[PDB]
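Below is one structure, written out as structure tokens; the observations come after it.
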Amino acid sequence: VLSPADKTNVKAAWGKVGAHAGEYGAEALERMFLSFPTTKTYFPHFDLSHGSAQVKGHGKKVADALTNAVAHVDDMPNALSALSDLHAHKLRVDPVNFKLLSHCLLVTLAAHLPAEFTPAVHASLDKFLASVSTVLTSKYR
Amino acid sequence: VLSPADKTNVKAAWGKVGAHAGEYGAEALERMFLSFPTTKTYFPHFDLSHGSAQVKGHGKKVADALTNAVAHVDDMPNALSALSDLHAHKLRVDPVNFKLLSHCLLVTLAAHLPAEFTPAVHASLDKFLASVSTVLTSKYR
Amino acid sequence: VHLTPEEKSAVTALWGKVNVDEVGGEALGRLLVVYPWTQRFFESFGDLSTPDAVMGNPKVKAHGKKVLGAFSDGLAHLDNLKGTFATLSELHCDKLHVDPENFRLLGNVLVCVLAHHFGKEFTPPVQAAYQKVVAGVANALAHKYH
Amino acid sequence: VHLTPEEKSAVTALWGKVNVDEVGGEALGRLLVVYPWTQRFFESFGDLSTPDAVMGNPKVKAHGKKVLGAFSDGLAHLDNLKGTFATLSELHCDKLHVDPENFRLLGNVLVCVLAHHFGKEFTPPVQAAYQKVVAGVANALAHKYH
Ligand code: HEM
Ligand code: HEM
Ligand code: HNI
Ligand code: HNI
């Protein structure tokens, strides 16, 4: 469960990300594809190399979903309901991959937010991304 | 989430297990220590010799907790509240190990319940053990 | 993975008693029932709407047999699983686009199916040997991913 | 993995700029903050009750130094990580009773720390090389468990 401090930390950190949310989403995806090549199996229809228009566009979608999750941090199962439907019935990504993307999002945030990415905020963001991941895999079976 | 159909399958299967639960718990532990030796790192204080009474005793405790979870399958977070506290604050077993024990419990049930271990019951039992694991790691951080 | 000479014997001995048709069909079938998101790879197999439909599906059964046949061939290469599955590894990566995590799931289900069939004969030490094998096969099938 | 020569150079180049003592303390500290169940191994280290209590804990910092020191020495042997870490693997199993999953957790926290310190210099390809390294080191430290 996300603590009061967790939610304060997530809102502060994502707030600082601000207009960069989409850029950072795309960067996290690129980091994932390069660091964890097995994740590329879910994107055979994508150009995955640097400067990909498809990756940039998908990064924006992922980031916007996270922004919505932050806005509804006390009701994520319902706020993300349509998206969790899509993941369960269509995308059907194995749950391990959510940890890989989450890690790459953390790396991206660490690389861009020197002052903000404290150990406590790091901890809170990891919990947050784990909670989002849990919601998105909650309807798999 | 455990469906009403899942709960029916779990209650039926565990009912068939009956007083064999303690025995099957010990067998599942034995299977886990042999198949997944890293799990032994949580029991250096145990006698792990063959037929260990200490292991059998622990198997009984694990089984009894599962039996209680089946009996309160509609409200497992409350039924397992004290146990989840102990896991989070003292035992602190890494979450990856719960899947290893769950698998070994399934293998044990499959080996003892040739008629009851249908594909549907297999699926329900897996969901049930995953749900118990989720409750037991829910207070970790 | 490194099996002991005693474990290699136990693996080979048990496998000599395995009905590959039944176990293969059961393993692939249960993969699709227990972890239904894995059905994403088998839309061309037709009806996968119910557990009975999945287990009774002729293409599921045929594929399961084929998969377990390749698995069986690997049991004759236990000291070089990477080498013998190198071709299939590349295939699953580049042509089939199968997340290797699925190899682990199938291994899990296969061990359950073996336990279901053999009962008490599937002893904890025999299980331990087979866990080494399914881990080895999954790792070998994942090894050439890029 | 299987590092490319371009990746080995990238790893070596970045590591030359790393204060190993400092990064070690930071990485172990963050492990205990982000995954607080890992504190189970360090009851004798004293106060671990808050993020600041953990990060500034002198015994945590000291231990982090020796852990990343061993890690650092291993970077000179990327083609034989299993051999390099064999005695430490045996020690962590037989004497310390440390679940090897912890090595994986530490590796990913270390990657986060490197990104935090180096910023844009920690490029996606540089990260990818370091992910190969921390996976190799974790696998090597796990290899002699029994
Ligand atoms: C022990 C593990 C496995 C082995 C030995 C294995 C082996 C094989 C073999 C021999 C083929 C046929 C190759 C050919 O036609 O040239 C095949 C095809 C295929 N495999 Fe695997 N496989 C394994 C696991 C999996 C898993 C876990 C999945 C997905 C969840 C999967 C998905 C597929 C698919 C989709 C095909 C193509 C089927 C079609 O023709 O429609 N495999 N596999
Ligand atoms: C890169 C990964 C790691 C390396 C290279 C490493 C290396 C070392 C070394 C060189 C020692 C001293 C050995 C001795 O006392 O003879 C040590 C001790 C120890 N390590 Fe590890 N370590 C790693 C990861 C971890 C992790 C992730 C944990 C637990 C979360 C851990 C737990 C311990 C403990 C409890 C000790 C003994 C500390 C004491 O003396 O009280 N290690 N490690
Ligand atoms: C490794 C695979 C993978 C992971 C870990 C992952 C994790 C996540 C996370 C985790 C925090 C979030 C918030 C998220 C959000 C989204 N994903 Ni993900 N997705 C993944 C693979 C996909 C794929 C594949 C698509 C379809 C993209 C396309 O364009 O076809 C997708 C599509 C989406 C969409 C677009 C929905 C739509 O079109 O209606 C959103 C939003 N996602 N994905
Ligand atoms: C691999 C490690 C591990 C796993 C996966 C695990 C998973 C589980 C599951 C999963 C379904 C259940 C129901 C369960 C139940 C229990 N465990 Ni577990 N435990 C584990 C390692 C332990 C250890 C260690 C103890 C302390 C034992 C002792 O007596 O020192 C323990 C203690 C217990 C107790 C005793 C509580 C008490 O003394 O008050 C129960 C009950 N458990 N454990």
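Per chain, numbering begins at 1; letters A, B, ... match sequence-line order.
Taking a 6.0 Å sphere around CD of A:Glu116, one finds it holds more than 12 heavy atoms contributed by other residues, nucleotides or ligands. Around atom NZ of D:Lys144, more than 12 heavy atoms belonging to other residues, nucleotides or ligands sit under 6.0 Å away.
Heavy atoms closer than 4.5 Å to chain D are found nowhere in A:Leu109, neither backbone nor side chain. Using a 4.5 Å cut-off between heavy atoms, A:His122 contacts chain D through both its backbone and its side chain. Using a 4.5 Å cut-off between heavy atoms, D:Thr50 makes no contact with chain A at all. Contact annotation for D:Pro51: only side-chain heavy atoms (C-beta onward) come within less than 4.5 Å of a heavy atom of chain A. Only the side chain of D:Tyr35 comes within contact range of chain A, with at least one heavy atom under 4.5 Å from a heavy atom of that chain. Of the two parts of A:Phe36, only the side chain, counted from C-beta on, holds a non-hydrogen atom closer than 4.5 Å to a non-hydrogen atom of chain D. With a 4.5 Å cut-off on non-hydrogen atoms, A:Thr118 touches chain D through its backbone but not through its side chain.
Remark: aromatic rings of A:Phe33 and A:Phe43 are close, center separation under 6.0 Å. Aromatic ring centres of D:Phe122 and D:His116 lie farther apart than the 6.0 Å criterion allows.
Chain A forms more heavy-atom pairs under 4.5 Å with one residue of D:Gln131, D:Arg30, D:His117 than with any other, namely D:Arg30. Heavy-atom pairs under 4.5 Å with chain A peak, among D:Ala115, D:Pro125, D:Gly29, D:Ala129, at D:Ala115. Per-residue heavy-atom pair counts under 4.5 Å with chain A were compared for D:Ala128, D:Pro36, D:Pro124, and the maximum is reached by D:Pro124. Counting heavy-atom pairs closer than 4.5 Å to chain D, the top-ranked of the candidates A:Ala123, A:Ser35, A:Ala120 is A:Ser35.
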Would you please test A:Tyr24 and A:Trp14 for ring pair (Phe, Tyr, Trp, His ring centres under 6.0 Å) and show each step?
-> CA-CA 11 Å; A:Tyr24 292 177; A:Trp14 203 246; 8.0 Å; no
Start with the C-alpha distance between D:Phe85 and D:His77, add both sets of side-chain angles, then the distance that settles ring pair (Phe, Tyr, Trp, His ring centres under 6.0 Å), and finish with yes or no.
-> CA-CA 10 Å; D:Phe85 288 103; D:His77 309 280; 9.0 Å; no
Would you sort out whether D:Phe42 and D:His63 count as a ring pair (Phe, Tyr, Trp, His ring centres under 6.0 Å), showing the intermediate values?
-> CA-CA 10 Å; D:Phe42 304 104; D:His63 195 60; 5.8 Å; yes
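Using a 4.0 Å cut-off between charged side-chain N and carboxylate O, A:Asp6 and A:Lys127 make a salt bridge.
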